[PDB]
Ligand SMILES: [Cl-]
Ligand SMILES: [Cl-]
Ligand SMILES: [Cl-]
Ligand SMILES: [Cl-]
Ligand SMILES: [Cl-]
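Chains as they are written, first to last, in the deposited numbering: chain B, 5 to 315; chain C, 5 to 315; chain D, 5 to 315; chain A, 5 to 315; chain E, 5 to 315.
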C-alpha cells in the first residue's frame, strides 16, 4: 500500500486526538510516566471512496493490513508504543476514521526546585515523517482530545490535558516532519509533608537548642552531637520521600541550613565552655543568653529569605 | 466477518464472567495487582444457528478467525492482557460460548488511612465499543463469575469476588460504550502488627519516661536523646512494613504523636533541671512527679481520641 | 484437527512427565520460582496408526500443525510458559510421543514459621480441559518424571521431585478438568545462621547485662540504651537475611523476646537506682544480685518454651 | 536477494549516520545508556538503477523484503536493537537511501576516578560483516550525523555527538569486518556536590576537632566517637550519590583520609589524657595546643596533594 | 527438510564455536551473567554438494528455511537465546558454514568463600538432541572459539575463554544427547578492598582498644559500646560491597571475629571495673596492662590461622 495522491499541490492533513484512559507510574527519578490511551486519526484517501447504494453499506470497516495508514510516532517515548487497533471506518467519500489503544512510557523532564510545591507539564510529542511522493501535516481535532475523569496520579492534582493546535513543521535528514505537542498539567499535593518531614525534623533541631539553658559541657556535647546523629538518622528515614537531584531543591536548601545550625551550635557550646575554662564567665553566659534569642530569630529570618528566594 | 444483524432496533447483549484462577503480586505502592483468570462471553448470532438433526451434531466448535467475536477490553489495565482462546462453542440457536484465559496487571486505587485495619475493593473494568452497524451492551452471567478456593493473597483475607450487574453505558468519541464493574473485596490480616511494630516501639518510648524517676541531668539527657535515636532507628527498620503515602495513615498519626512525646519529654527534663539550677527545687520535683502520671494518661487519652478519629 | 474418537464411552488418558533441567530464581518474598524443564506427553490416536512394512518406516515424526495435540496448561503459573517443541513421534499403533522444553515462573506458597529450619513443597499444577466431543484425564508416567543432578538452589537442599499419581478431576465452567500435582521438596540449609544472625545478636544482649555488676546509674544507662541502639542497628543489618511476613516466625519470636529483655533490664537499672536514691540500698543491691542469675536463666527457659512451641 | 556485484575489485561503501532523537537511562552502575535514534544508510546497487522516462517515476520506494540491504549491527549493544524501517528510496542510478528508527541499551565503559568532575565518551560501535562474494567498508556521511537540541541527560552536559570517519577494518572468523566509532561526549554537572556531600561532611569532621579546646576525657571521647558515628551515618545517607567502584575515586580518597583523621584524633585525645594521668601535663597541653594548628593545616595540604594527584 | 543421511553407521559431527562479542551483567546474587556472542556451526550435507564450474559459483548462500540446520540449544540458559542468523555458506563438497549472533542470561554457579580473592569458571553448556533417523555428536573447532579484546567485566580479570574438546554424550528420555562445555575463567580484582572495607573497619576496632590506657568505667563503656555501634553502622555501609551467602566467606569470618573482639573487650572493661570495685586494684591494673599486648597479638594470630584456613 502507497500514500493517497494529491489532486492539487496540497499536503495530507491527519486529524489527531489523544484520550487518556488511565495515566500512572510517574518515575520522579527517571523523569518517566506510563500512559494507557486512545489515539484517533482521520484523513481523506479518495481511492477508498464508494457508492453506498451499490455497496449496500453506509460505512466500510477495514483491517490495518488492507489499507494505507500514516506512520505516526512519538518523539519522547522510551521504546515504541504497545498499540492495538480498535476500529478503522471508511465513509463513502474516502474519509478514514482510525482509532487505536496504546500504552507507552513517556519521557518528559521534571523540575523539583520548588519541592513539595512543584508543578509539572508533561509532554507527549506526536510526529509524522513526510513521504517521498507527498508531504504530511498534522492537526488537532479538539473533540477527539480529552481524559477520563477517573485518571489518578496519587499525591498529584491532574489539572488539564491540552494540546498546542499549532504543529511545528520542520526539516530533518532532507525531509519535512510535522510535530504536535500534547501537554498534561499536574501540580503536587503533598499533605503529610509537615507531619512526615518538617515537624519532626524541627523538634530534633529544637532539642539541640536546650544547650543554651545549660552550663554542663558534658551534657551540652551529648545534647548537640546526639541530636546531630538523630538529624542524620531522620534524613535517612525521609530519603525515600525526598528529591534525588544534581541541583538544589527548596527542601534541600532547608536541610542544608539545618546542618549548618548544628555546626554553629557546637561552636557556641565550645565557646561557652572555653570562656568558663579561661575564667571569663561574664562573656561565657553573655554568649549563651544571646544564642537563646539569636539562634531562633536568625533561623526564622534565614528560612524567610530562603523561601522567598525560590518563590 | 461482520456483526450479527438485529431483528428489530435492539442492542446485542454479551454475557460476561470472570473466574480468578490465581490472583497475586499486589503492589501496595503502585496500586497494582496481577491476576491470571478466565473470561467467558456469550451472545446470539442467528446466522450461526443450525438444525441439529440435519447437521448430525449437538454443538459446533469454531476457530476465532472463522466467526465474529466482540472486541472486549479492560479500562484499568497497565498494558494489554495476555489472553489465549480456550474454547468457542455454538449451540443450535446461534448462542456462541466463548472462553479465554488471560493475565493482566490491574490498576485499582488503594486507601491506607486505616492501616493495618484497611480493607480494599479491587476494580477490574470491562468495556465493549459499539460498532457503527449495531450497538453492544454488556451483562453479568452470575454463574460464570467466581474464584478458585486456592487464590491466595498473603496477609489479606480474600472476602468476595462480585460484580455490579448494572453496566454503566456512556458516550465516548461519538460512540456508545458499555462498562461493567468487577469488584474484589480484600481485608487486611496483619497479625504480627503488635509484636513487630507497636510493642517494641512502645518499650523505647517507655524507657525514655524513666527520666521522671531520676534527677541527674547527665543521665536524663542520655535517656531522652538516646531513646529518640533508638525510636528513629526502629522507624528505619519498620520502613518496609509501613505505608508510603501523601496523606496521613492511622499508624502514621501514632508515629507522629510519639515524636511529639519525645519533644515534650525533653522540655520537662530541661525544666526540671533549670528549676533545680535556679534553686526552686520544690517546683522542680513537683513537675517531675506530675509528669509520672501526666505523660502516660495524656498518651492514653490522645491515642483514644486519635483512634476514634479514624474509626 | 479434531480429538481422537473413543472405541467406546472411555476417556483419553495423557501420560505426563516433567524433567527439571535447571531450577532457579526462588523469590522468598513473591513466593515464586522459575523453572526451565521438559514436558513429555503420550496418548493413543488410532487414526495416526500405520502398517510399518507398507510405510517402510518404524516411527513417523510429525509437525505440531499436522496432528492433534492436547491443550495442556499450568494452574499456578504467572504468565503462559515459554514452550518449544523438541520432538513428536508416532509409533505404528498410534501412540504419539510428544516432548517440549518450557520455562515458567511458578507460584507455590511459602511458610517461614520455622525459619531458618523451614522446608517447602513447591507445587506445579498440570491441567487439561476436556473437549465437548470426549473427556480427557491425566496420568503420571513415573519413568518420564525426574531432575538433573546439577539442578541447584543456593542455600537449599533439593530433596525430591515427585508427583501425586492421583489426578484430582473436577468441574469448571460446565466442563470436566483433570489436575495433576508435581511437588518439589526443598529444605533450608542456612549454615551461617548462628555466626551471621544469632551469635552477634546474643553478645549485644549480654553486653547489656554487665549493668548488674555495676552501680553507676550514668554507666548503667549508657550500657542498656547504647546496646538497645546496637540491637536495632544490627536488626537493620540482618533485615535482608530475615523473613518479611504478616505472621510470626520462629526467629521473629526470639527477636521480639530480646526487645522485651532490654525493656525489663531498663526497669531493673531504674529500680536499682531509685532504691539507692530513696536510701534502701539493701533491696537495691538485692535486686541487682538477683538479676545476675535471673535474667540469664529466665532467657534460657523462655527460649526453650519458645523453641518447643514451634517444633 | 544477493549483494551488488562490483564493477572492479573495489569494496561496497555504506554511508552511515546516526541522529539521536532522545538519549536517556544512563546507568552509572551497569555502564549502560539507552538511546532512541535514526540510522541512515546509503550504497550503490547498479542492478536497481532505472531510466526515469521509461519507469515514469523519479524515485522508487521499496519494501525491506524486496531488495538487498546490508547486515549492519552494533558491537556494544545488550540485546539486538528495536529497529523499525522508516523509508527506503532508490534513485535512478541505483543509490539506495535507507532510514530506520531504533532503540537500544548500549554498553560503553564509565570512569569515575575524577568523580564528580568526571567526563565520559560514550561509544556506539557500528559493524558490517563482509560477504563471501564482495567485501564491505563503512563510511560516515557527516550531514546524516547529529542530535536533537532537546536531548537531555539530567545532571550532565551533552557536549558533542561526533564520529571517527576512519573505519577500523579487521579480520574475524576468517572474514573482513568494518567498524565505525560513534562517540557521545558528556561532562558531569553536579552542582549540589558541595552542599549535599562535602560541606556537611566537613562540619562533622570539624565538630570532632573541638576536642583540642577541651581537657575533659569524658567530653573528648563523646566528641570524637559520636562524630565518627555521625560520619558513618552521613556516609550511609550519601551512599546513593556516590560511585560504587572496585578502584579508588577522587571522592573515595577524601572519604578514606577523613576516616584516618578520626583515627589520629582519637590517638591525640588518648595521649592528652594518658599524659595528664601520668602527671606530665606540660607535654599533655603541648600536644593538644599543637593539634589545633596541626590537624587543620595537615588536612589542607593532604587534600591539596590528594587533589593534584588525580588532576 | 530432513537430516543428511550417513554413508555408513556414522554420526553427524557439528563443529561448534562461540566468540564473545560483549560479556556483561554478572549477578553475584542470582549467579547469572548476560552474554552477547557469535555461534558458529559446520557439518557435511552431501545432498547440498555442487560442481563449481557448472554452477558458476565458488560458494552458495542459503536461507535458514531453504536447508536443514541442526537444533542446537543451551542447558544452563534462563529462557531461550535471542539469536539472529548472520550467514549460511555451502562449499562445493556440502560443508555448510552457519553463523548466528545471540544474547542469553546464563546460569553458572558462583563461590565466594575466598572473597575478595575468589575466582570463577563460568559455564555455557551446548547441547544437540539426536534425531530418530541419525545420531548427532558435537565437536570444538578451536579457531572459531574466542573473545573480543574489549570484553569487560568491571572489577574482574577476564582470564580465558576455553572449551573442553571432549563432548560428554549421554542418554535422556530414551535418546542420545551430545554436551559441550564452554568455560570462561574470571578472577577478582578488588583493589579498593583495604581502603574501602578493611582499613576503616580496623581503625573503629582500634579506637575501642584505647580503653586499656584508661581507668574511667564511664569513659570505658562509652568507648567500647560506641565503637561497637560504629562497627555495626560501617557494616551497614559495606553491605553492598559484601557477599550475600548461606555459607561463611573469608571476609565474613574476619567480620565475625571482630564482633567477638568487642565482646571480649567489654568483659575486660567490666572485670577491670569489678576488681577496682571489690578493692583488688593490683589484679585490676594487671588485667588492663595485659590486654594492651594480648588483644592485638591474639587478633594477629587469629587472623593468621583464619587466613591460612581458607588459603
Ligand atoms: Cl512511537
Ligand atoms: Cl485489555
Ligand atoms: Cl501454561
Ligand atoms: Cl544490533
Ligand atoms: Cl537456547
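Don't be surprised by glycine CBs; every beta carbon is placed ideally from N, CA and C.
Problem set entry | Closest Cα partner of residue 108 (chain E) within the set A:34, A:276 and A:82 | By one-based count along the fifth chain, residue 108 (chain E) stands at place 104. Shortest Cα-Cα distance from residue 108 (chain E) to any of A:34, A:276 and A:82 involves A:82.
Exercise. Is residue 55 (chain D) closer than 8 Å to residue 4 (chain D) when the C-beta atoms are compared?
Worked result: This structure cannot speak to residue 4 (chain D), because chain D is shown only from 5 to 315.
Exercise. Three-state secondary structure (DSSP) at residue 34 (chain B)?
Worked result: Position 30 of the first chain holds residue 34 (chain B). Shown here, residue 34 (chain B) sits in coil according to DSSP, grouped into three states, outside any helix or strand.
Exercise. Does DSSP put residue 222 (chain A) in a helix, in a strand, or in coil?
Worked result: Indexing the fourth chain from 1 puts residue 222 (chain A) at position 218. Helix, per DSSP.
Exercise. Residue 96 (chain E) CB to nearest chain A CB: under 8 Å?
Worked result: One-based indexing of the fifth chain puts residue 96 (chain E) at position 92. Interface residue (Cβ-Cβ distance to chain A less than 8 Å): residue 96 (chain E) is not classified as such.
Problem set entry | Same chain, Cβ closer than 8 Å to residue 174 (chain B), five either side skipped, listed in chain order | As a first step, residue 174 (chain B) is located in the first chain; it is residue number 170 there, counting from the start. Here residue 174 (chain B) has 180, 181 and 183 as same chain residues with Cβ atoms under 8 Å from its own Cβ, once five neighbours each way along the sequence are excluded.
Problem set entry | beta strand (DSSP E) segment containing residue 166 (chain E), residue limits | Walking along the fifth chain from the start, residue 166 (chain E) turns up at place 162. It spans 160 to 168 - the beta strand (DSSP E) in which residue 166 (chain E) sits, taken as one unbroken run.
Problem set entry | Validate contact between the segment 292 to 303 of chain A and the segment 143 to 158 of chain A using beta carbons, cut 8 Å, 3 pairs | The segment 292 to 303 of chain A vs the segment 143 to 158 of chain A: no contact.
For this session: Can you grab the Cα-Cα spacing for the pair residue 208 (chain A) / residue 240 (chain E), in whole Å?
Result: Looking up residue 208 (chain A) in the fourth chain gives position 204. Looking up residue 240 (chain E) in the fifth chain gives position 236. Near 19 Å, if we compare the C-alpha coordinates of residue 240 (chain E) and residue 208 (chain A).
For this session: At 7 Å on the CB atoms, spell out the chain D contacts of residue 42 (chain C), in chain order.
Result: As a first step, residue 42 (chain C) must be located in the second chain, where it is residue number 38. For the C-beta of residue 42 (chain C), the chain D residues within less than 7 Å are, from N- to C-terminus, 177.
Exercise. Residues bridged to residue 150 (chain B) by DSSP?
Worked result: Walking along the first chain from the start, residue 150 (chain B) turns up at place 146. Bridge partners of residue 150 (chain B): B:23.
Problem set entry | Quiz: which residues have CB nearer than 7 Å to ligand 4 non-hydrogen atoms | With the cut-off at 7 Å, the residues found are A:77, A:78, A:81, A:84, A:85 and A:108.
For this session: Flag this pair as touching only if the segment 142 to 153 of chain C and the segment 63 to 83 of chain B have three or more C-beta atom pairs under 8 Å; answer yes or no.
Result: The answer is no - the segment 63 to 83 of chain B does not touch the segment 142 to 153 of chain C, with fewer than three Cβ pairs under 8 Å.
For this session: Compute the Euclidean distance between the alpha carbons of residue 117 (chain B) and residue 197 (chain A), then round it to the nearest angstrom.
Result: The residue labelled residue 117 (chain B) in the question sits at position 113 within the first chain. The residue labelled residue 197 (chain A) in the question sits at position 193 within the fourth chain. Taking the CA atoms as reference points, residue 117 (chain B) sits about 16 Å from residue 197 (chain A).
For this session: Have a look at residue 267 (chain C) and residue 268 (chain D) and give me their C-alpha separation to the nearest angstrom.
Result: Position 263 of the second chain, counted from the first residue, corresponds to residue 267 (chain C). Position 264 of the third chain, counted from the first residue, corresponds to residue 268 (chain D). Put simply, the backbone Cα of residue 267 (chain C) is about 24 Å away from that of residue 268 (chain D).
Exercise. Any idea if residue 313 (chain B) is buried or exposed, counting beta-carbon neighbours within 10 angstroms, 16 or more meaning buried?
Worked result: Reading the first chain from its first residue, position 309 is the one you call residue 313 (chain B). Taking all protein chains shown into account, residue 313 (chain B) has fewer than 16 neighbouring C-beta atoms within 10 Å of its C-beta and is therefore exposed.
Exercise. Mapping DSSP to helix, strand and coil, what is residue 194 (chain B)?
Worked result: Position 190 of the first chain, counting from 1, holds the residue named residue 194 (chain B). Here residue 194 (chain B) sits in coil by DSSP.
For this session: Compute the beta-carbon to beta-carbon distance between residue 45 (chain C) and residue 18 (chain C), rounded to the nearest angstrom, for a pair I have assumed lies under 8 Å.
Result: Here residue 45 (chain C) is taken as the residue at index 41 of the second chain, counted from 1. Here residue 18 (chain C) is taken as the residue at index 14 of the second chain, counted from 1. About 5 Å separates the two Cβ atoms, so the contact holds.
Problem set entry | residue 220 (chain D) versus residue 226 (chain D) - alpha carbon distance | Taking the third chain and counting its residues from 1, the one referred to as residue 220 (chain D) is at position 216. Taking the third chain and counting its residues from 1, the one referred to as residue 226 (chain D) is at position 222. If you take the alpha carbons of residue 220 (chain D) and residue 226 (chain D), they lie about 10 Å apart.
Exercise. Using 8 Å as the limit for Cβ to Cβ distance, is residue 257 (chain A) near chain B?
Worked result: On the fourth chain, residue 257 (chain A) is found 253 positions in, with the first residue counted as 1. Not an interface residue.
Exercise. Would you say residue 206 (chain E) touches ligand 7, meaning its beta carbon is less than 7 Å from a heavy atom?
Worked result: Inclusion of ligand 7 in the displayed structure is not the case, the ligand content consisting of ligand 1, ligand 2, ligand 3, ligand 4 and ligand 5 alone.
For this session: Kindly say whether residue 263 (chain A), judged by its beta-carbon, lies nearer than 8 Å to any beta-carbon of chain E.
Result: The residue labelled residue 263 (chain A) in the question sits at position 259 within the fourth chain. Interface residue, yes.
Exercise. So is residue 221 (chain D) in contact with chain E if we call contact Cβ pairs under 8 Å?
Worked result: Mapped onto the third chain, residue 221 (chain D) falls at position 217. Cβ-Cβ to chain E under 8 Å: no for residue 221 (chain D).
Problem set entry | Expected contact under 8 Å - CB spacing of residue 25 (chain B) and residue 65 (chain B) to nearest Å | Position 21 of the first chain, counting from 1, holds the residue named residue 25 (chain B). Position 61 of the first chain, counting from 1, holds the residue named residue 65 (chain B). Actually they are not in contact, since the Cβ atoms of residue 25 (chain B) and residue 65 (chain B) sit about 22 Å apart, beyond 8 Å.
Exercise. Is it the case that the Cβ atoms of residue 236 (chain A) and residue 238 (chain E) are separated by a distance below 8 Å?
Worked result: Residue 236 (chain A) sits at position 232 when you count from the first residue of the fourth chain. Residue 238 (chain E) sits at position 234 when you count from the first residue of the fifth chain. Between residue 236 (chain A) and residue 238 (chain E), the CB-CB gap stays under 8 Å.
For this session: With a cut-off of 8 Å on the beta carbons, I'd call residue 178 (chain A) and residue 84 (chain B) a contact; round off their distance for me.
Result: As a first step, residue 178 (chain A) is located in the fourth chain; it is residue number 174 there, counting from the start. As a first step, residue 84 (chain B) is located in the first chain; it is residue number 80 there, counting from the start. At roughly 37 Å, the Cβ-Cβ gap does not stay under 8 Å, so residue 178 (chain A) and residue 84 (chain B) are not in contact.
Exercise. Along the chain, where does the alpha helix (DSSP H) that runs through residue 262 (chain B) open and close?
Worked result: Within the first chain, residue 262 (chain B) is the residue found at index 258, counting from 1. 254 to 281 is the span of the alpha helix (DSSP H), which, as asked, contains residue 262 (chain B).
Exercise. For the segment 181 to 209 of chain B, which residues have a CB atom closer than 7 Å to at least one CB atom of chain A, in sequence order?
Worked result: Listed in sequence order: no entries.
For this session: Please check if any C-beta of chain A sits within less than 8 Å of the C-beta of residue 133 (chain B).
Result: One-based indexing of the first chain puts residue 133 (chain B) at position 129. By this cut-off, residue 133 (chain B) is an interface position.
Exercise. Per DSSP, residue 105 (chain E) is paired with what?
Worked result: To locate residue 105 (chain E), count along the fifth chain from 1; it is residue 101. Residue pairing by DSSP places residue 105 (chain E) opposite E:42 and E:88 in a beta bridge.
For this session: Taking 8 Å as the cut-off, decide whether the C-beta atoms of residue 234 (chain D) and residue 229 (chain E) are in contact.
Result: Here residue 234 (chain D) refers to the residue found at position 230 when the third chain is read from its first residue. Here residue 229 (chain E) refers to the residue found at position 225 when the fifth chain is read from its first residue. Between residue 234 (chain D) and residue 229 (chain E), the C-beta gap is smaller than 8 Å, which places the two residues in contact.
Problem set entry | Contact the segment 246 to 266 of chain D vs the segment 248 to 259 of chain E: 3+ CB pairs below 8 Å | These segments do not touch.
Exercise. Contact check, residue 307 (chain E) vs residue 273 (chain E) under 8 Å by CB: the rounded distance?
Worked result: Locating residue 307 (chain E) in the fifth chain gives position 303, where the first residue counts as 1. Locating residue 273 (chain E) in the fifth chain gives position 269, where the first residue counts as 1. With a Cβ gap of about 22 Å, residue 307 (chain E) and residue 273 (chain E) do not count as contacting.
Exercise. From D:217, D:60, D:213 and D:280, pick the residue whose C-alpha is nearest to that of residue 303 (chain D); which is it?
Worked result: Within the third chain, the letter at position 299 stands for residue 303 (chain D). Residue D:213 is the option with its Cα nearest to residue 303 (chain D).
Exercise. From this set, C:279, C:211 and C:245, which residue's C-alpha is nearest residue 263 (chain D)'s C-alpha?
Worked result: Looking up residue 263 (chain D) in the third chain gives position 259. When only C-alpha atoms are compared, the closest one is C:211.
Exercise. So, does the CB of residue 248 (chain E) fall closer than 8 Å to a CB anywhere in chain A?
Worked result: Taking the first residue of the fifth chain as position 1, residue 248 (chain E) is located at position 244. Among the CB atoms of chain A, none fall inside 8 Å of the CB of residue 248 (chain E).
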